[PDB]
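Undergrad: The structure follows.
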Amino acid sequence: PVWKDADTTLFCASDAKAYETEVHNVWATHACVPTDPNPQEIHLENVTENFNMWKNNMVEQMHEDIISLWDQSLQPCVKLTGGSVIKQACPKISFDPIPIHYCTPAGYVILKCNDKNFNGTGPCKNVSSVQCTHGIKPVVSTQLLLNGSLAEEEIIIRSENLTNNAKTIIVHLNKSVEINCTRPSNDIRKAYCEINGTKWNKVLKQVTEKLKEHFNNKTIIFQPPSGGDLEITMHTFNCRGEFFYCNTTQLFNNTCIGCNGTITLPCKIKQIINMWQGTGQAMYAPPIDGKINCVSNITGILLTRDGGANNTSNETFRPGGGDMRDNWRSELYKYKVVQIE
Ligand SMILES: C[C@@H]1CN(C(=O)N2C[C@H](CN)C[C@H](C(=O)Nc3ccc(Cl)c(F)c3)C2)C[C@H](C)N1C
Ligand SMILES: *[C@@H]1O[C@H](CO)[C@@H](O)[C@H](O)[C@H]1NC(C)=O
Ligand SMILES: *[C@@H]1O[C@H](CO)[C@@H](O)[C@H](O)[C@H]1NC(C)=O
Ligand SMILES: *[C@@H]1O[C@H](CO)[C@@H](O)[C@H](O)[C@H]1NC(C)=O
Ligand SMILES: *[C@@H]1O[C@H](CO)[C@@H](O)[C@H](O)[C@H]1NC(C)=O
Ligand SMILES: *[C@@H]1O[C@H](CO)[C@@H](O)[C@H](O)[C@H]1NC(C)=O
Ligand SMILES: *[C@@H]1O[C@H](CO)[C@@H](O)[C@H](O)[C@H]1NC(C)=O
Ligand SMILES: *[C@@H]1O[C@H](CO)[C@@H](O)[C@H](O)[C@H]1NC(C)=O
Ligand SMILES: *[C@@H]1O[C@H](CO)[C@@H](O)[C@H](O)[C@H]1NC(C)=O
Ligand SMILES: *[C@@H]1O[C@H](CO)[C@@H](O)[C@H](O)[C@H]1NC(C)=O
Ligand SMILES: *[C@@H]1O[C@H](CO)[C@@H](O)[C@H](O)[C@H]1NC(C)=O
Ligand SMILES: [Cl-]
């Protein structure tokens, strides 16, 4: 037994198929090791460990991991970062995230909270020790979290301080709302995303309930964001290499607390995009000729709350995002790094 809250350089694992041109595949083929063919866990009997997912070095290590991954893979024709115009080649590539496992070196271990109620901060009683996290897809996106794991029971909200406005609010859903995005083959930047309205509005009503639970049963209202760049104000994501910007006004505004129908969302495949790895503009080439389609699972929501609602009857939440650290911190929440002191 015995351990101390210390962080150390981590390594990565994956099932990257060699001789596949998937950029994720070819990054994990040269930067990660083959997955543990026999891993195992040891329930720490009678334990109470304190993970603080909002402050954790695992996520930052993952961050630079995806920064590098994307840097050598998704490479723009032109890159305008600070005072510099980087011109290079931009062949259209293969793109579809694959799970990445994080794995401690000898002397350290990973503490996994198996309490299904776990919100991220605060002590956990079902602790459980593993040398590698689980398989995690590094999906880059704003507002909506896609292709991730879901809460084992109730919908859980995670925050670094609910009270504080700026401190992002993350919503971990307990069931999957599928979203289906397409660019039909022969305007080529016009795209759209189908999302079944009954599903969405029902779960949104479950969220809104729990949201109320954490906030003194105040009036719950989900409005579209209050200014920002497209990235922030539009569900942005990358499908097959293309950057979809989808105008999710319907979801946070149709307020059908019975609506029904299969909602169809407008989208634009953006070329010049404000980056997420760092301040700058990246201009890629036009999309490819053909049916560009991705069907993903909505497994979370990035929320930000309005400030001066102290002396009022309501609390307004607008979808946010932009910090992809929070995206990672949505899956690593149940993981801690311990040095064996
Ligand atoms: C050091 C800063 C730099 N930075 C940033 O400047 N922006 C501003 C820009 C709008 N102004 C939106 C950035 C963003 O999310 N982009 C993005 C791109 C592609 C896809 Cl597919 C996606 F889903 C999202 C976030 C990222 C931030 C975390 N970081 C702290
Ligand atoms: C604690 O979590 C582990 C992981 O699955 C499992 O044994 C069970 O869910 C929990 N154990 C007990 C004794 O409740
Ligand atoms: C998270 O759970 C801990 C312990 O149950 C509690 O003290 C804290 O207020 C919770 N935070 C949120 C944002 O629910
Ligand atoms: C999800 O959690 C909510 C609590 O907000 C609960 O009402 C609902 O039944 C749960 N659904 C599933 C499928 O777990
Ligand atoms: C004033 O607003 C903050 C949110 O920014 C809130 O946490 C605080 O409780 C409010 N003040 C009072 C006295 O409730
Ligand atoms: C949470 O946010 C409120 C709002 O500013 C602040 O007064 C309080 O100190 C914060 N809590 C912590 C533990 O920092
Ligand atoms: C989407 O969610 C369903 C049910 O929650 C699950 O069975 C399926 O594997 C998920 N798809 C992906 C790609 O994760
Ligand atoms: C997704 O949308 C496309 C075009 O509308 C359609 O052909 C396909 O059947 C849809 N699939 C799902 C799972 O919604
Ligand atoms: C999204 O579409 C709505 C119309 O449904 C429009 O009012 C709003 O300005 C659009 N938002 C953005 C960021 O284009
Ligand atoms: C979205 O909200 C705005 C107010 O911010 C309103 O003008 C507009 O009608 C709403 N859109 C829908 C589709 O309800
Ligand atoms: C989510 O996973 C599905 C199945 O692997 C994939 O087709 C889709 O492109 C993924 N979505 C994103 C945004 O990566
Ligand atoms: Cl190993």
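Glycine also receives a Cβ, built like all others from the backbone with ideal geometry; neighbour counts cover every protein chain displayed. Values quoted throughout were computed directly from the atomic coordinates according to the rules given, and no laboratory measurement underlies them.
Undergrad: Condition test on residue 251, is it buried (at least 20 other Cβ atoms within 10 Å of the Cβ), under 19 Å from the mean Cα position of the chain (by Cα) and away from ligand 3 (no atom under 16 Å from the Cβ)? Steps first, please.
TA: Details: buried (at least 20 other Cβ atoms within 10 Å of the Cβ): yes; under 19 Å from the mean Cα position of the chain (by Cα): yes; away from ligand 3 (no atom under 16 Å from the Cβ): yes.
Yes: the conditions hold for residue 251.
Undergrad: Out of the residues in region 101-146 that are buried (at least 20 other Cβ atoms within 10 Å of the Cβ) and within 15 Å of ligand 7 (Cβ to nearest atom), which is farthest from residue 195 (Cα to Cα)?
TA: Selected residue: 136.
Undergrad: Across region 24-68, what is the total count of residues that are over 12 Å from residue 102 (Cβ atoms), more than 19 Å from the chain's Cα centre (by Cα) and either part of a helix (DSSP H, G or I) or of a type in the set (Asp, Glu) (or both)?
TA: 10
Undergrad: Here are some conditions: (1) closer than 24 Å to residue 235 by Cα; (2) within 20 Å of the chain's Cα centre (by Cα); (3) not in a loop (DSSP other than H, G, I, E, B). Residue 112 meets all but one. Which one does it not meet?
TA: (1)
Undergrad: As an exercise: evaluate residue 79 against (1) within 16 Å of ligand 1 (Cβ to nearest atom); (2) in contact with a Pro (Cβ under 8 Å, 6 or more places away or on another chain); (3) outside any loop (DSSP other than H, G, I, E, B); (4) farther than 29 Å from residue 161 by Cα and give the number of the one condition it does not meet.
TA: Failing condition for residue 79: (2).
Undergrad: Condition test on residue 264, is it more than 16 Å from ligand 1 (Cβ to nearest atom), in a loop (DSSP other than H, G, I, E, B) and of a type outside the set (A, V, I, L, M, F, W, C)? Lay out the reasoning, then the answer.
TA: Details: more than 16 Å from ligand 1 (Cβ to nearest atom): yes; in a loop (DSSP other than H, G, I, E, B): no; of a type outside the set (A, V, I, L, M, F, W, C): yes.
So residue 264 does not fit the description; no.
Undergrad: Related question: Criterion first (among the basic types (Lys, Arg), away from ligand 7 (no atom under 16 Å from the Cβ) and crowded, with 16+ Cβ neighbours inside 10 Å) does residue 218 satisfy it? Before you say what the answer is, go through the steps one by one.
TA: Numbers: among the basic types (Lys, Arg): yes; away from ligand 7 (no atom under 16 Å from the Cβ): yes; crowded, with 16+ Cβ neighbours inside 10 Å: no.
No; evaluated as a whole, the condition is false for this residue.
Undergrad: If you don't mind, another one. What are the residue pairs meeting all of these: first residue in region 192-221, first residue under 18 Å from residue 295 (Cα atoms), second residue among the polar types (S, T, N, Q) and in a strand (DSSP E or B), Cβ atoms under 7 Å, and 6 or more apart or on different chains?
TA: Matching pairs, first to second residue: 192/182; 192/264; 193/180; 194/180; 194/262; 194/264; 196/262; 197/262.
Undergrad: Name the one entry in 239, 267, 246, 193 that is away from ligand 9 (no atom under 16 Å from the Cβ) and closer than 21 Å to residue 327 by Cβ.
TA: Working: 267 fails: away from ligand 9 (no atom under 16 Å from the Cβ); 246 fails: away from ligand 9 (no atom under 16 Å from the Cβ); 193 fails: away from ligand 9 (no atom under 16 Å from the Cβ).
Going through 239, 267, 246, 193 in turn, the sole match is 239.
Undergrad: Taking into account only those residues within region 237-261 that are within 16 Å of ligand 8 (Cβ to nearest atom) and in a loop (DSSP other than H, G, I, E, B), which is nearest to residue 207 (Cα to Cα)?
TA: Going through the qualifying residues, I end up with 261.
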